[PDB]
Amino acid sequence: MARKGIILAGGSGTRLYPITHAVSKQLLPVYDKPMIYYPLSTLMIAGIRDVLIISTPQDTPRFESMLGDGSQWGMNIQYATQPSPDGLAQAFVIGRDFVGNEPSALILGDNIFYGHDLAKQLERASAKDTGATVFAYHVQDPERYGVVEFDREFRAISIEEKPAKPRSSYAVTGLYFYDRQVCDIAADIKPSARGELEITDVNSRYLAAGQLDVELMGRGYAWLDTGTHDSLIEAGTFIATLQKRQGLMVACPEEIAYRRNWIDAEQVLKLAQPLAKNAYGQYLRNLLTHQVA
């Protein structure tokens, strides 16, 4: 099974003006790499090799100049455009031909996922052939998101988009795994009062059918988005603290692709050669000697 991945990295509004005035939010740094490296690496760790990047028409060339066609990482990366940010579920209209008759995953281009055993959880979700998987995460401001209502046993009862009175602090994260039904469901839902095709309508539909796994993503994980200037810089210092302590890089696509044998040592060296003087290139070269289990 070849699950097809979608990174939605389109228009993010003007909350961060003026740092997003010229530059797309998802090309801005989180410490030492562009933001979009993080959700890209999350898909790679889930085993996904076919990725569609959806951005605004104005910014697609900027993303393409950054990531290419993915062949440098043994991946296939393609591009499509979203003229206005008219809903997350619109990804499954724009990306319908890319998805084909395959399972898929959607991730937001500004969402950072980090924590121990993340790969096992993403691999279990990626491997299921029917139904859907989303993740629930305790946050300070749940009213910003789709919010999960849980019974005493943490069985999911409902999902509401931006409720006035959140039923819990558990938000639906910006990562979704779907079987082959999702594109047709996306054709059946209707734009909401805020004028958007709602991923929450997709998700509540799977929940009503008894086909939604709502997985708790515990407090040991970091699920960060970067909605304010404070939380953007906080995500950067968070990554820096881990990397400097460990001598390991978070979300290095060459590392992940090499460890999964999507690229070999020769290809790692070819990527490192123009970067030999800087820290990223030296990190790539050090992959060929290093031992990590």
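Numbers for residues come from their place in the sequence shown, where the first is 1.
Once the C-alpha B-factors are averaged per stretch, 87-95 and 145-153 rank with 145-153 first. Stretches 33-41 and 254-262 differ in mean C-alpha B factor, with the higher average recorded for 254-262. Across the options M217, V202, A125, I107, the residue with the most elevated CA B-factor in the record is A125.
When all modelled residues of the chain are sorted by CA temperature factor, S71 is found within the highest third. Among the modelled residues of its chain, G131 has a C-alpha B-factor that falls in the middle third, as given in the PDB entry. Remark: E198 belongs to the lowest third of its chain, ranked by C-alpha B-factor as recorded. Among the modelled residues of the chain, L8 sits in the lowest third by CA temperature factor in this PDB entry. Placement of the Cα temperature factor of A22 within the chain: highest third of the modelled residues, per the deposited record.
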